Ligand SMILES: COc1cccc(CC(=O)N/N=C/c2c(C)cc(O)cc2O)c1
């Protein structure tokens, strides 16, 4: 599932802005 | 009328924009309690104003870090804009000042924590729950854009929940007052409009694309474009091929196709009828826009009452150098 793919991804924590 | 309200909103803003508040408190006036959040330049701490016992959130920016990241003008924008705005769903800048080492922005303390925290914990919001928040962002962007301001960093991390369950937008680090178009590559990868990624020049339409991403993320529990590396995220965005969860309502999907529209001449919020294409959309049929603005609507969630709605962060001493750093750069702050 897409949800499972998200939760296993490296992008579920706070996301940095691009500076 | 709305046009009338905004015109008056603008009169108020321009006075403060042309003559910004400066040096309105000092560090020793506040007792520092605990870090509530962090960011590239520093941290935000819960503090208590000694003379009144009021609590605030003090954002502390290391001047040298700002300069290293080439964010001087952006930081000057942040403070000049925030001190000038006034809207129910925008965090208030109560005081600002600087010292040899840091810039300080003392803002309204919003006790319910980040939308990010609640969204990740609960998984996803119901459509009515998401709609309630979305409505507040729509009104806030209507206000900001009418002042020629682009926000440029919408995401759940930047949306705080107050004691009554309403949203307060924080972090104006990329906010900018601009007539026409601009070019800076800035924002958060998942939330970037295609035109930003493609270096096309862009305008306030990027905030409306970002609203689409936010609404999708609130309702799905994950954003419409994600991957372990930003490059791959950018590739997905520019394709614009979006897939919706099977539980998304027909109305929701329709709204999202119009917000997550790669074509600027078709993107909602950016057409002849502007924000009204969004307000009048079927997904918002149940939304009373005046009641939202007046905070007369019962929130779908009120936070439990104290800083337990925020994560714990590592603390560090706030050392102030005996030498002034970057004085010329931040003269106007
Ligand atoms: C780029 O450098 C940065 C350094 C520190 C912080 C940030 C991001 C920011 O403005 N957070 N605001 C948190 C906040 C909180 C947690 C509560 C509150 O009441 C008001 C706030 O602004 C960016």
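Think of each number as a place in line: the chain as shown, counted from 1.
Per deposition record, X-ray crystallography, 1.6 Å.
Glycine is treated like the rest: Cβ placed from N, Cα and C.
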Request  = Annotation phosphothreonine in Swiss-Prot: match it to one of B:24, B:52, B:184, please.
outcome  = B:184
B:40, B:199, B:246, B:321 - the residue Swiss-Prot records as phosphoserine = B:321
Message = By the record in Swiss-Prot, which of B:38, B:182, B:265, B:307 is the one labelled phosphothreonine?
response = B:182
Query = Among B:35, B:170, which is annotated phosphothreonine in Swiss-Prot?
reply = B:35
Key: Unmodelled segment of 4 residues: Cα separation of flanking residue B:305 and residue B:306 in Å   = 7
Ask   = Between B:39, B:42, B:113, B:156, which of the binding-site residues has the fewest other CB atoms within 10 angstroms in the structure shown?
value = B:39
Ask   = Of the recorded positions B:113, B:126, B:153, B:184, B:321, which ones put their CB under 6 Å from ligand 1?
value = none
Inquiry  = Please identify which of B:35, B:126, B:182, B:184 has the densest Cβ environment, defined as other Cβ atoms within 10 Å, among these modified residues.
reply    = B:35
Ask   = DSSP on residue B:156 (ATP binding site), three-state: which is it?
value = helix
Remark   = A Cβ under 8 Å from chain A is found, among the recorded positions B:113, B:126, B:153, B:156, B:182, for B:153
